[PDB]
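Presented as structure tokens, the chain that follows is alone, the form deposited in one PDB entry.
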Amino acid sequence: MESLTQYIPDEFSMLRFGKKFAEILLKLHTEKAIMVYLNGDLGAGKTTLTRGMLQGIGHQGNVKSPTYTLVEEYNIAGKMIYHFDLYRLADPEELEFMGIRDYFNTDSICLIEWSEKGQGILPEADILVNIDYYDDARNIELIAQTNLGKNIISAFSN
């Protein structure tokens, strides 16, 4: 749908952009879980942007990618946020087993790395975040996939 292209000159800027993006997702206050697919090569900054989003809205503590556990649950001032790294998801099937269930059926926010691995089982994304990189700079394209995605992108305006 609508798109945003945003230059991120350095890591501080990535963290500031995560805080602004996560603040928009909280303020929208949706009943449906917000699906965010974080895309980009290894080292592009998907986990650093996730860190800026969670720490930016108040998480205190390390943001450890869930390499083997696949999903990490956060409770931030009462909002449930789920960070997924699906790289080691053998088959999407394994998803219907683990606790995924309740996470996609409540007023949560889900931030997903390697969403391709979950094709079929994972709910469709509301917004894709495609991160490109050069040295210590980045550029992110946000792409809306749903009506909610469109509303998220419109919120970035001035």
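C-alpha atoms forming the largest set that superposes within 1.5 Å between two forms make up the rigid core. Residue positions are given as counts along the sequence shown, with the first one as 1.
Although it is not shown, the form deposited in another entry is what the next lines describe.
- Looking at CA displacements between the shown form and the other one with the core superposed, a shift of 2 Å or more is confined, among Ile131, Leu54, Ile100, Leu70, to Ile100.
- Annotation: Cα of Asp41 displaced by less than 2 Å between the shown form and the other one, core superposition.
- Closer approach of the C-alpha atoms of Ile109 and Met98, by 3 angstroms or more, is seen in the other entry than in the present form.
- Relative to this form, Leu26 and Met98 approach one another in the other entry, with their C-alpha atoms ending up at least 3 Å closer.
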